[PDB]
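Here is the structure we will look at.
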Amino acid sequence: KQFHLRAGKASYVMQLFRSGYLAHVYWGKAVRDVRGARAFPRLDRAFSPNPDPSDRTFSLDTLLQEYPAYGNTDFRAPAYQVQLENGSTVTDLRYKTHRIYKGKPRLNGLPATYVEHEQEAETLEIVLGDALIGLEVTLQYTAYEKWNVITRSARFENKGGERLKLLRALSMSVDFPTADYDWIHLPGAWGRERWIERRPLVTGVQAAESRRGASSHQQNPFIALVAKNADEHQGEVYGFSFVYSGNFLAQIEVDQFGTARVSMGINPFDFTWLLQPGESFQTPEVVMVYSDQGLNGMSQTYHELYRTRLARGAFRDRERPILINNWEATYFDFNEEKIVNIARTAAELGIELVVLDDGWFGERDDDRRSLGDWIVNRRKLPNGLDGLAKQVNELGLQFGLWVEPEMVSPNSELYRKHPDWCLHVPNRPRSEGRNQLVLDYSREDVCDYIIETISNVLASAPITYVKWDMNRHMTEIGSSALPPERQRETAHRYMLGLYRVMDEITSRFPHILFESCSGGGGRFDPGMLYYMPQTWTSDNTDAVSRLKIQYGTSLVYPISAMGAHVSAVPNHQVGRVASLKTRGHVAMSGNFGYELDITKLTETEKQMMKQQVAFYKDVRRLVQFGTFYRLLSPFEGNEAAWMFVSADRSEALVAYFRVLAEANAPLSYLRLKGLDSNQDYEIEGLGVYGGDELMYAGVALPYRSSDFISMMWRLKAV
Amino acid sequence: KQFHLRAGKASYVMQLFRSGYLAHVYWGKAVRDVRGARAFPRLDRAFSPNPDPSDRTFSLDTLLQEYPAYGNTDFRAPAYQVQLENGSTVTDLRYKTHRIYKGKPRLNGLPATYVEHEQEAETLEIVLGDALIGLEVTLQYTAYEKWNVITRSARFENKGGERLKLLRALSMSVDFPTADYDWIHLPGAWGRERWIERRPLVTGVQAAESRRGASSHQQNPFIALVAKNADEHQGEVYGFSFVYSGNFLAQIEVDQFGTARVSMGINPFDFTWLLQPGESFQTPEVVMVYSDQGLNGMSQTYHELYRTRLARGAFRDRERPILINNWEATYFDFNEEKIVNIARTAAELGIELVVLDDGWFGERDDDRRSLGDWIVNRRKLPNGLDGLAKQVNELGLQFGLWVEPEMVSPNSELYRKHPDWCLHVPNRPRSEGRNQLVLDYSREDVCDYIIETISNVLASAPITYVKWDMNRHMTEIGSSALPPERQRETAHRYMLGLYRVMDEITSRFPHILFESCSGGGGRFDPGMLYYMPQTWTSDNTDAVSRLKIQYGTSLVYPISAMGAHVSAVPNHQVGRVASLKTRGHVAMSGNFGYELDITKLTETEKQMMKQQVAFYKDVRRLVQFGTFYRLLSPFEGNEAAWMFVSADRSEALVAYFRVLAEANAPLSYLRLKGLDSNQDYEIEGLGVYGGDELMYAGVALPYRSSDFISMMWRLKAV
Amino acid sequence: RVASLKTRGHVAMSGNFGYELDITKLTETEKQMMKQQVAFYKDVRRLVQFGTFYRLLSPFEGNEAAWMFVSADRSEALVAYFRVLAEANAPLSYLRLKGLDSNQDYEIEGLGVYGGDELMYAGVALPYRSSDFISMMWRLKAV
Amino acid sequence: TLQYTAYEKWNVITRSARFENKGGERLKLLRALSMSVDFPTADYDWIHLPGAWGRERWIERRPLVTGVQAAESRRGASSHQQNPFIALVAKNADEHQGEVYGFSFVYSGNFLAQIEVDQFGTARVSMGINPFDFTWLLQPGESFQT
């Protein structure tokens with residue numbers, strides 16, 4: 001009774017134990033068969049009680065499990081918890097049946113990785129059931145053929161005659177036989193998202209989570225287990241990525257016997273779900289990647305999967321336009337003439353898209369009003385969105401628009417008419433963030449209004465680009481349309497509403513490239529990537545600051561989705577002053593664009609920016625769709641380096657950065673990766689060198705002074 | 001509007017902010033007055049929402065709090081959470097009044113540190129209230145005069161007109177302004193309890209907890225924050241000890257801005273508490289200790305407080321008897337004559353107490369039956385407990401008895417008669433640990449039965465010693481005597497029942513020395529220490545294994561409560577063979593005793609054991625009540641060392657251990673601590689040496705071969 | 001590297017103070033700054049060059065660097081703090097002093113009278129500043 | 001003649017040697033260090049001051065290996081590369097606490113600051129004029145001060 005999933009060059013093995021217990025066996029590099037070499041001597045462990053009183057060698061406290069529960073002799077953190085009408089939380093799920101089919105199913109009202117053909121992957125569904133309460137839980141496993149990817153999710157169903165209350169419903173759980181690992185998560189904040197933090201495991205609970213109703217800047221829904229001696233270029237790494245943009249829990253628990261339980265899913269804190277007879281609950285999925293070639297190996301797998309099989313729409317495989325956003329340039333102080341003034345200068349540079357940011361609607365001259373009133377400000381924009389867009393188009397440039405549909409200002413016509421459409425609880429003060437409130441997307445009437453309202457706006461002008469922003473986190477979570485026993489479903493139902501709203505709007509406008517945003521990387525997660533193929537990385541547009549941010553972000557997400565804009569100096573967020581050359585090279589390492597007043601630059605500055613746009617277009621296909629390698633970490637030292645290699649290893653682009661200068665510094669060298677050692681590559685401006693020489697010996701770096709310096713090399717095989 | 005508590009040479013500072021917000025200010029070395037030198041620049045932090053929309057610089061996400069909540073702009077883990085009838089979990093507590101009085105209050109139905117006179121400490125009660133729901137929360141602070149001890153606890157009271165459901169009720173919470181700290185907790189298992197684990201903090205959640213309905217071998221209810229450069233002998237250390245024997249949560253959360261939230265209390269997992277209007281809830285307390293003299297400084301504070309002001313009874317300040325237990329000696333295979341045979345041999349050695357272990361009652365010839373039937377086995381003990389005790393007494397020895405009143409075997413008359421007296425949930429299989437079940441101590445009838453039954457047993461013979469054991473952990477938590485809405489109160493109510501049972505029995509028999517036990521240190525916590533002045537440290541009686549176990553245990557608990565027995569070889573738990581001399585030196589470093597068949601030992605062994613008993617009696621008052629210093633850690637290397645110093649520094653005892661021998665090893669040296677540098681000390685058998693020499697230069701350690709060696713030194717001031 | 005004149009002074013004032021640049025080609029802003037600089041160091045030349053020196057934060061370990069000069073009678077002190085690299089939405093800091101009198105109240109010129117124990121056990125809150133290469137300097141006088 | 005001086009006010013010990021040829025035959029000094037001291041244990045870190053021009057005297061705190069660690073100059077000066085100063089610090093010592101043993105050379109030429117950990121965990125700290133490319137001819141009646 002053994003299940004063996006084959007995902008790329010990896011294996012995932014499970015087996016049925018005794019009477020319908022599902023046990024974890026092996027996850028790692030592909031083996032032809034697990035015959036039992038690494039057995040599991042079942043022992044009578046002290047204080048670990050037995051469900052079967054006759055056999056003291058069996059306890060759920062000592063069994064490596066796929067979807068464990070609490071109360072039936074297991075004392076470790078459960079993957080799920082159900083409360084009965086009698087008050088008891090004891091549930092025992094045992095094997096019922098299973099099915100195996102080619103392909104991968106869609107998840108209801110949720111984003112998930114997909115396939116274009118059934119032959120791309122195989123899906124295993126293991127059905128568990130609790131006979132007493134009529135609870136059925138179907139565990140979904142999918143293994144891709146081409147990649148080392150394993151996806152897991154769960155579906156609950158009440159086939160009984162009583163109501164069941166889900167106190168906790170995590171997406172997955174896995175028990176490693178050893179705890180000798182480090183773990184990596186991505187802590188951060190606004191302006192500094194997704195910094196890499198590697199630490200050795202401790203005996204107890206280590207966890208990253210979000211209670212903010214969104215993925216968050218503070219913790220990204222991603223954790224990884226790494227071998228003690230593993231690095232960027234080698235070693236075993238086990239990644240876990242959550243495809244969900246709301247509250248989450250990412251937890252690793254090490255027990256008394258040195259096993260490590262990794263569980264991930266919707267945060268059980270402040271969460272319940274009521275299942276009336278006939279009702280079901282589908283959890284979001286988690287994408288698991290194994291790699292023996294280190295962190296770069298894992299990252300590259302995620303990059304291909306998320307770019308080709310997560311992102312959707314017409315722009316999935318299309319090169320992304322170089323855009324200009326006016327946010328840091330004008331903020332709220334702008335007019336129609338100012339925008340067209342910027343559009344003409346952008347046209348001279350070769351910029352392809354002009355994006356109109358916040359402040360175009362209602363009475364928006366500040367961030368204290370007008371959210372929810374989505375109608376053109378005729379004072380700022382006399383000819384409306386139609387006129388402005390048309391004026392940009394005749395310059396041969398696309399036009400884009402900024403929106404924040406999930407929010408409503410207390411000072412707005414929408415709120416005066418429908419004050420109860422926001423998230424709130426009875427008789428409690430309504431707290432505000434950035435002087436705005438969150439709309440109740442758990443209500444159908446609200447969602448319907450938003451879908452139609454936004455559709456009207458997008459159909460009023462030739463808009464080919466949309467920036468969806470979110471600048472606040474939920475407080476006073478509650479809905480007037482929900483009964484008391486369903487109140488704790490508000491946070492999740494909110495996200496389900498948003499997902500529906502986005503799917504409908506994006507469907508009505510397939511010619512529009514959507515870029516998700518949340519004060520930067522507030523919701524940079526696989527969930528949002530499913531609806532909008534690219535994301536605004538961070539509101540911190542400083543070149544040096546972006547080194548850490550982009551390095552950390554590239555750990556999971558593809559470069560194609562990583563937005564990067566060249567901004568003004570001194571930087572608005574940090575104050576730092578870095579050269580336009582250095583500011584360019586960092587931004588070119590992601591989805592390239594500009595965010596600054598281009599009407600105010602010198603002809604000397606216009607010439608360099610002109611060269612930048614021209615250069616990036618040449619390497620655009622390489623950067624956005626090529627293979628990414630991280631070389632030097634800004635978290636570990638004074639340097640940062642990475643490179644892009646084409647699929648056929650015939651083309652390459654190398655970027656190097658050094659932040660702090662010191663006098664009489666020793667010489668530097670950089671070894672490359674991902675090239676073909678049997679081929680010679682011409683480094684433009686230097687000469688032809690062997691791939692083996694470039695990777696094994698390295699390249700001498702030029703001695704250079706001042707702080708925050710950059711250099712870039714294009715490589716082409718002979 | 002500032003509260004400043006002074007506990008010994010430490011300070012604890014709070015202050016009211018705006019409209020009744022209670023904020024944390026400072027905890028550390030005593031300062032005469034906090035004027036604000038270390039201010040707190042109030043900032044507008046991105047995505048941190050505002051309770052007052054006019055002021056963006058105020059958020060509960062950025063405010064250091066004493067008892068924080070979630071949902072009112074705070075996103076970090078709350079100290080408490082309340083669910084209303086409308087389904088909302090939003091609660092707003094604000095200042096109402098406060099009270100200050102000399103002394104320390106008793107906690108309702110709970111153990112807590114005490115005072116014998118009001119002037120020993122001062123108590124501050126801060127009363128908070130939520131006007132909407134009529135919820136009142138009284139925060140209790142107590143500061144001792146002579147020690148750096150701060151105790152914290154909370155009391156909820158429902159003064160509203162609806163029922164309130166407590167989802168979480170922790171004892172305390174504190175926000176450190178920085179997160180640059182390591183943290184220490186005590187992970188373990190059966191046979192290896194309380195190993196010391198020091199680790200650097202991570203950005204996220206670090207937690208040690210118990211879901212077993214007991215303190216546990218796996219995690220001890222203690223955590224501490226330590227400065228990066230702090231050690232055993234220096235640096236700032238902040239300890240947190242939970243006075244509770246049930247489920248607990250000890251958690252440290254580091255947020256985006258580098259603050260550290262330390263929270264401790266009853267585990268919110270599988271826990272709710274219903275407050276009908278007019279009902280109250282008292283949380284257990286947490287003992288907070290500050291020390292700038294390193295880990296030993298903190299430990300020594302805990303030792304005096306717990307020994308003199310936590311432990312109770314006639315044996316609080318009295319020397320503890322050297323005992324012999326027959327468990328490892330005979331197990332279940334013994335009779336009346338066998339006990340007297342070991343009792344006679346014990347008399348020759350100088351042993352003062354003979355303890356009859358498991359197997360004396362019902363039909364218990366194995367561990368599968370008879371729990372709950374507490375009547376003498378007349379086949380094994382013809383003359384009963386009465387006859388046996390008197391037979392021991394006429395040899396001049398005390399008599400003791402083993403009991404496990406919290407458990408019932410399915411195979412017993414008690415279970416046949418009252419099958420519903422156990423902990424269970426409807427229509428679910430009743431899981432067993434060690435073939436036994438847990439009695440429902442949340443029921444008053446059950447508690448009443450045990451009190452009467454055990455009292456009858458205890459009054460049937462001249463018993464002056466009792467070992468209270470529990471060899472199983474709770475599963476299927478539920479009570480048939482509780483309504484569905486109170487079902488999740490079972491675990492806590494169970495402990496409240498037990499506490500009542502223990503308090504009543506110990507009151508009826510003040511002449512009996514009680515030793516708590518739970519398969520060793522399963523319940524080694526301040527809660528049990530309040531009822532029983534000593535505890536059985538571990539079922540692992542190996543000398544080398546005990547090095548780690550006792551070292552870790554001494555971090556919080558006093559040596560007087562730390563039981564240690566000399567056992568047979570090869571060891572029953574690990575297999576190791578170590579000299580009788582070394583087993584003694586390890587055992588003499590705690591509460592000394594013997595556990596092996598003394599009728600079967602060689603004359604060579606009889607000579608040493610005779611000498612050991614003689615020796616320990618001389619240093620008994622010094623060991624159990626003297627000051628303890630740790631010198632070498634078995635967690636850090638191949639050696640372990642510690643020493644006992646008298647209060648007046650005129651007497652000392654030093655113990656040294658080396659586990660693994662290597663050939664041609666270098667010479668070793670040991671430096672002492674806690675002595676008076678201005679006095680000369682005679683090392684018995686060596687010579688007179690200066691205290692300054694012994695501490696600054698050190699003592700030469702003996703060159704020796706073979707494995708597992710020990711040495712002991714007595715010091716006497718001239 | 002381009003650092004502020006304020007910073008270049010504060011670091012130089014932590015030693016044998018002097019100048020080395022064409023002072024004839026300076027802006028009146030720089031000239032005015034240097035006039036205040038010279039007068040400042042003159043007022044505490046004895047304290048710096050002949051006082052007790054304490055290191056607090058090492059530039060070989062973190063992103064910060066700090067030290068302080070304390071007199072013989074510990075009646076007067078001078079604290080210097082430095083931060084090199086900057087980051088958005090940075091966490092706040094506090095610096096704990098050394099070598100003071102715990103039972104003596106001190107007056108920090110610009111802030112207010114504070115206890116010696118509070119400065120060593122609790123610390124001094126470090127102000128939020130953007131930009132690279134930042135320098136602060138507190139002066140302490142007993143009452 | 002081994003020279004030791006103990007200041008009453010400070011914790012300072014100064015050491016130096018004075019050779020003297022009171023024989024009839026010539027003596028050749030291949031090595032003449034100012035001092036040497038054998039520590040009973042070697043559970044220490046060690047701090048020296050390496051660097052170069054434009055970055056003199058950076059702090060390197062590293063644990064002791066079971067061999068020889070050396071900071072020296074062969075440039076006829078104290079050199080920017082290695083300052084004549086090494087220190088034995090305890091494992092748990094920082095700026096504010098801990099046992100620290102300093103060794104400072106009063107000489108502006110070629111030097112050798114060397115620590116040697118033997119098979120028995122004993123540390124020998126040596127400091128003086130660099131023996132490399134150095135000899136001193138002592139005629140009968142002559143002397144040499146370090």
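All positions are counted from 1 along the displayed chain.
Quick check of the header: X-ray crystallography, 3.2 Å.
Heads up, the Cβ atoms here are built off N, Cα and C, so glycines get one too.
Within 10 Å of the Cβ of B:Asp357 (substrate binding site) there are 21 other Cβ atoms, across all protein chains. Under the heading substrate binding site, Swiss-Prot lists B:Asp44, B:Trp190, B:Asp357, B:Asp358, B:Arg434, B:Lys467, B:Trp468, B:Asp469, B:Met470, B:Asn471, B:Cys517, B:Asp539, citing experimental evidence as support.
B:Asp469 (active site, nucleophile): 23 other CB atoms within 10 A of its CB, across all protein chains. DSSP assigns B:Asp469 (active site, nucleophile) to coil in the three-state reduction, placing it in neither a helix nor a strand. What Swiss-Prot records for B:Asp469 is active site, nucleophile.
Taken from Swiss-Prot, the feature active site, proton donor covers B:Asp539, and the record attributes it to experimental evidence. Proximity of B:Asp539 (active site, proton donor) to non-local residues of its own chain (separation of 6 or more, Cβ distance below 8 Å) is seen for B:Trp190, B:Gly191, B:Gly519, B:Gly520, B:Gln573, given in sequence order. Secondary structure from DSSP puts B:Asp539 (active site, proton donor) in coil.
Note: B:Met470 (substrate binding site) has non-local neighbours B:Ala214, B:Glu404, B:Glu406, B:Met407, B:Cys517, B:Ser518, B:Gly519, B:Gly522, B:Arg523, i.e. same-chain residues 6+ apart with C-beta under 8 A of its own C-beta.
Sequence-distant contacts (6 or more apart, same chain, Cβ under 8 Å) of B:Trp468 (substrate binding site) comprise B:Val403, B:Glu404, B:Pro405, B:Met502, B:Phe514, B:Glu515, B:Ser516, B:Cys517, B:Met532. Annotation note: B:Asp357 (substrate binding site) sits in a coil segment as assigned by DSSP. With B:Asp469 (active site, nucleophile) as the anchor, the candidate binding-site residues are B:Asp44, B:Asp357, B:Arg434, and the one with the nearest CA is B:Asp357. The binding-site residues examined here are B:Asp44, B:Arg434, B:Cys517; by Cβ neighbour count within 10 Å, the least packed of them is B:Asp44. The secondary structure of B:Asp44 (substrate binding site), as reduced to three states from DSSP, is coil rather than helix or strand.
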